[PDB]
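For reference, the chains in residue letters:
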Amino acid sequence: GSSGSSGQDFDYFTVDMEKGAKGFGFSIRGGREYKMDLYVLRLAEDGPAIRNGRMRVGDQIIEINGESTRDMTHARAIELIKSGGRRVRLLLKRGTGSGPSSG
């Protein structure tokens, strides 16, 4: 009587931010175009992104605006952030882990 998928990935948390002076103030990298997942290229020091926190530079985006980030190209994810509007919600997880793995 057990239940649970296989593969204990990092913390699957969602991100919530709005548009700024020159946009959300965040970029992405990778994609089907390069045969790799979508990560956060960099962050805007003076943008609403770097102020959000939920998302940082060096993470892996598994979801974007609630749209499964699969079989998608860096171009798509780029249009999704502008397709939603001023508010963009993507699922990101920090590679910090659950803590010290020892015992």
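Residues numbered from 1 in each chain as written, not as in the entry; some residues may be left out. Heavy atoms only, no water.

The PDB entry lists the protein chain under the name membrane associated guanylate kinase inverted-2, with Homo sapiens given as the organism. The record deposited in the PDB is entitled "Solution structure of the fifth PDZ domain of human membrane associated guanylate kinase inverted-2 (KIAA0705 protein)".

1. Observations regarding the environment of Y39
Relative to the helices and strands, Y39 resides in strand β4 (residues 36-39). Measuring from C-alpha to C-alpha, the distance between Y39 and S27 comes to 8.5 Å, with 12 residues separating the pair along the chain. If we ignore the near neighbours within four places in the chain, the residues touching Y39 are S27, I28, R29, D59, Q60 and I61. (Helix = DSSP H or I, 4+ residues; strand = E, 2+ residues; numbered from the N terminus. Contact = heavy atoms within 4.5 Å.)

2. Quick notes on the nonpolar core
Among the nonpolar cores identified, the biggest contains 20 residues, and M17, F26, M55 and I61 are the most heavily contacted of them. Residue assignment for this core shows that the elements contributing at least two residues are β5 (60-64), α2 (74-84) and β8 (90-93). No other element matches the three residues that α2 contributes to this core. Contact partners of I61, with chain neighbours within four places excluded, come to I28, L38, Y39, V40, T69, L90, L91 and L92. (Core = buried A, V, L, I, M, F, W, Y, C linked by side-chain atoms within 4.5 Å. Buried < 20%, exposed > 50% of the residue type's maximum accessible area, 1.4 Å probe, protein only.)

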